[PDB]
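Novice: experimental structure and sequence below.
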Amino acid sequence: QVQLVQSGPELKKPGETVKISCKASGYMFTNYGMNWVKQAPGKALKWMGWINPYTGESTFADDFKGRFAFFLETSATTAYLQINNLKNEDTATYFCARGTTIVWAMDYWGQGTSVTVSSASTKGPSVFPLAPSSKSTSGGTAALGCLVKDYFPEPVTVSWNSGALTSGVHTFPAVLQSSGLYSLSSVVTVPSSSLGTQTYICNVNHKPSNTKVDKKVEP
Amino acid sequence: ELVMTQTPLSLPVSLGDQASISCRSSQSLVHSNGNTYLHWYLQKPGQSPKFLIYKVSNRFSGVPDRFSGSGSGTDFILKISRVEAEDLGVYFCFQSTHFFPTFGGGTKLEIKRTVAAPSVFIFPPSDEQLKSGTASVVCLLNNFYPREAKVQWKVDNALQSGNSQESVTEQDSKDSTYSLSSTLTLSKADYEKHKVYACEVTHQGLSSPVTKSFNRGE
């Protein structure tokens, strides 16, 4: 199947350079374009340009002429987006998307890479349990969760039981506090009967600070 | 550069109803070669955009027949008949007829459904957190509609102002409801000065407010 897998989130200082990758698989790499699209937080999608891997030629929209470059490693079926002289306006998610030139459209997209431009140093989160709301002997539904506190920048990932628990999970948008750091909770509702017989673990990953935590949430 | 204008910016629609989203260009999207390179994408909350329609009216592989595109020249329409909960998200038109390709501004499709009451839960601070010097008390409102809800914090029966933060999820893909967290953050010192912690929730699905609380150390 066609797949485009982008590199992980990046924190960079103003004036620095970042290079984002997009590993393509499942098709003849050189026969389709690679487009790059910007999405600043809460904003609409913006087409930046594309590179033609068959000829090596790049084409940019007017806003993206100058500090932006597209590169290819054809042997590795990988496309790159490089941004020089980073500015705060550059903080956004960047998507690669395959261009199917037979209809002039982008068909398959990557998952996006978040780039934060900032003078501040990364800060990893503290993870705390939100303990099950009821006991195993009572009825109905219990909620439990994990509070992911005080980190910078976005994003963190949260999964439950290594991805095996998906149903009933709500991971809230991050919110800033007056310290200038983010926090969020992830919660899940489960049958309270299963509290004495099932373990619940939240797996938190903050890539910019290299923090990976697994927190057992017990009643 | 041509301008793509999408209207409305937000579209509320009931399940089973038809949604119509308009895309208008300042210049004709018909290429000298006879083709019209106007496409549509949907980006659901949290996700990559997904290809929906190419060249005005053609559904991409796997897109349901309830999605259809029409229009010509400068005016285009995406219609979603029989709207479903999973159709939630932001729809974008995109032209590549003229250099350089451009997206419209997006239309957020919102689902209207019946009022639904929150289930409410409260969580004390963990001992792990307390030993670090802070206390966060978390109030969860789960699976309610509409989005408007009032959450008030009371500490030993005193209403609290300014020490809490709320976060709301996007509408759920399956049942179109919201969930909300309200977090009260105190120093461990202040937390330990008081016994009863409560959050009181007012919502149109509730005939009177619901309070959840706990006594600390209990």
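Specialist: Nice, thanks for sending it over. Residues are numbered from 1 along each chain as shown, chains lettered A, B, ... in the order given.
Novice: mind giving me the domain split of chain A?
Specialist: Chain A breaks down into these domains under curated CATH domains: A:1-119, A:120-219.
Novice: what's the separation between residue B:32 and chain A?
Specialist: 14 Å (Cβ to the nearest Cβ, to the nearest Å). In short, each C-beta sits where N, CA and C put it, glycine included.
Novice: between the domains of chain A, which one is closest to residue B:37.
Specialist: domain A:1-119 (4.6 Å; Cβ to Cβ).
Novice: how distant is the closest one from the center of its chain?
Specialist: In this view, domain A:1-119 has its centroid 14 Å away from the chain centroid, taken as Cα atoms, centre = their mean, to the nearest Å.
Novice: near chain B at all, that domain?
Specialist: Yes. Against chain B, domain A:1-119 shows contacts by Cβ under 8 Å from any Cβ of the partner chain at A:37, A:44-47, A:49, A:59-62, A:95, A:97, A:103-112.
Novice: start and end of stretch A:97-108, how far apart?
Specialist: End-to-end distance for stretch A:97-108, by Cα to Cα, to the nearest Å: 5 Å.
Novice: hmm, who's touching that stretch?
Specialist: A:2-4, A:24, A:27, A:32-37, A:50, A:109-110, B:37, B:39, B:49, B:51, B:54-55, B:60, B:94, B:96-97 (Cβ atoms under 8 Å, 6 or more residues apart in numbering or on different chains).
Novice: those residues, buried ones only, as a ChimeraX selection?
Specialist: With 16 or more other Cβ atoms under 10 Å in any protein chain shown as the burial test, the buried ones among the contacts of stretch A:97-108 are selected in ChimeraX as follows:
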select /A:4,24,27,32,33,34,35,36,37,50,109,110 /B:37,39,49,51,54,60,94,96,97
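Novice: return the subset of the contacts of stretch A:97-108 lying in strands.
Specialist: Of the contacts of stretch A:97-108, the ones assigned to strands by DSSP state E are A:3-4, A:24, A:33-37, A:50, A:109, B:39, B:51, B:54, B:94.
Novice: quick one: which of those is nearest residue B:195?
Specialist: For the ones in strands among the contacts of stretch A:97-108, the nearest to residue B:195 is residue A:109 (52.6 Å; Cβ to Cβ).
Novice: that closest one contacts residue A:45, doesn't it?
Specialist: No. Contact criterion Cβ atoms under 8 Å: residue A:109 and residue A:45 do not qualify, at 10.1 Å.
Novice: identify the contacts common to those two.
Specialist: Joint contacts of residue A:109 and residue A:45 (Cβ under 8 Å, 6+ apart) are A:37, A:95, B:49.
Novice: just put the residues you listed in TSV and tack on distance to residue A:136.
Specialist: Formatted as TSV, these follow (distance: Cβ to Cβ, whole Å):
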residue	distance to residue A:136
A:37	49
A:95	45
B:49	44
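Novice: looking at these, which one is closest to residue A:89?
Specialist: Distances from residue A:89 to the shared contacts of residue A:109 and residue A:45, taken by Cβ to Cβ, are shortest for residue A:37, at 15.6 Å.
Novice: from what I see, the closest one and residue A:43 are in contact.
Specialist: No. Using Cβ under 8 Å, residue A:37 is not in contact with residue A:43, being 11.5 Å away.
Novice: residues in contact with the residue positioned nearest the centre of chain B?
Specialist: The centroid of chain B falls nearest to residue B:170 when counting by Cα atoms, centre = their mean (2.8 Å). By Cβ under 8 Å, 6+ apart, the contact set of residue B:170 is B:45-46, B:88, B:178.
Novice: fine, thanks again, bye for now.
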